[PDB]
Structures are given as structure tokens and as C-alpha cells.
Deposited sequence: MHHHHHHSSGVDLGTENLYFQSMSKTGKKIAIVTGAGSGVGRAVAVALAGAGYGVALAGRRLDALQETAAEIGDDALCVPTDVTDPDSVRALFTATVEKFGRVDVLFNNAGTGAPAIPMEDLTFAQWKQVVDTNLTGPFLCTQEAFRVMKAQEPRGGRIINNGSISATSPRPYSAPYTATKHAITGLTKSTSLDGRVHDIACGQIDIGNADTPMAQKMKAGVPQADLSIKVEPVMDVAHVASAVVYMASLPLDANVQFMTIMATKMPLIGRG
């Protein structure tokens, strides 16, 4: 009955969130670049997860993902906007323009295009609205060496969450963000996302940070 779209759903925290949302009774659309790993996530769910190979850096592929979801399930209540690539851990001035662009497109442009499509879908549905949960950094309180593209784009996600919360309110869209760091088992990020998605629309975890050890 509540419907989620989970990006990066073929691996890691995306897979764990999709499995945990389905266990909590959501209908789930699984978005990611490769069908094989999406299929294994759907097998784990063992219900009616929908696999949707998607390039979230591509506006048309993104639109197609939400259309497929609404066609199958009827609406979209939650988006877990989950991306996380890094460039190689090399001196910053050795990064090529393409290595830079790959991290910006994956970590920042993908989440922004999915947030735009979520606004289009959520504002149109009835009852109106929903929630977007953005997956932030895995090094929250301290950047790793040689990480400027990853650190800049995950900080950009904090700005995107803030503007999405402000701009979503008119459409009954809430937005919050989860970050992790180290002083981690993906199950704990998934249970936190399930918790955040459990709240009614007028209460919202805007930011939370979970620390390992």
C-alpha cells in the first residue's frame, strides 16, 4: 500500500533499504544501472518488487522509472535518493575532467533529477505529497584524504535537502537526509530509513547522522 522507489537498489545500502521497506509492507520499485543485481534484490524480497534498470543521471530514464512505478503501483510515496561514487584517491590536480564530471553527475545531478521527477509525480497524485530521503555522506564528520569530488558533492546534497524541504512544503512533500561516519552494517542505515519513512507528513527527520563505534 505505501509505495517506494529505491535508487542504487542492486547493492549495499540501496539493496538493504529496498528489502527493509518491502519487509515493512511497501510496494517497491528497484532502480539501478544493472538488471542482474536488481534481480537478486527482487529475489530477496520475494514478493512483487519491480526491477527498473535506470540511469539516474539521464532525465528520460528517470522519467521512465517514475512512470513504470506509477503504472505498476499507482503512486509514489517515498523516494530513497541514493547515490555514492568517488573518484580515485589520487592528488586532486591529477583528476581528469571526466573523473570529476562522473562524480558530479552521479552524486549530485542524479539526485537532483530524481527530486524534480518526484515533485512532478508527488504533487499530481491524490492524496497529494510524499517524502524524499537523500542518502548523504559515509564520512560525515571528517573528509578522507584525496576526496574533494566526493566531499563537495555530498555537501551539495545537504543544500539540495534544505531547498527541497522549503520548496516541497506547498506540495505536501517532505525531505530529509541521512549521513554516516566513523568515530558499518547496512542493516542500521536501512532501519533508520524505514524509521524516517514511517512518520506522517507533518513530522520529518530533516537530518540524522549515525556513527560507527
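Missing from the model, relative to the deposited sequence, are the ranges 1-27, 211-234, 265-272.
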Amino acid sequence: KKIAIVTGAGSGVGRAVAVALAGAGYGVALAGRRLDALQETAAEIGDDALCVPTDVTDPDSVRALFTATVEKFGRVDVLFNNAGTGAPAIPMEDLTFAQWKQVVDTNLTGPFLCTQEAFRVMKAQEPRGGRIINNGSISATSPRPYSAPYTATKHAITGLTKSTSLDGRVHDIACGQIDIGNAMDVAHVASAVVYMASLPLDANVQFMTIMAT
From here on, numbers count along this sequence of modelled residues.
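With 117-125 and 139-147 compared on mean CA B-factor from the PDB entry, the stretch scoring higher is 139-147. The PDB entry records a higher mean C-alpha B factor for 66-74 than for its counterpart among 66-74 and 158-166. The residue among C175, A152, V56, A37 whose C-alpha carries the highest B-factor in the deposited model is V56. For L95, the recorded CA temperature factor ranks within the middle third of the chain's modelled residues. In the deposited entry, the Cα temperature factor of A24 places it in the highest third of its chain's modelled residues. When all modelled residues of the chain are sorted by CA temperature factor, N82 is found within the middle third. Annotation for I5: CA B-factor lies in the lowest third of the chain's modelled residues. When the modelled residues of the chain are ordered by C-alpha B-factor, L108 sits in the lowest third.
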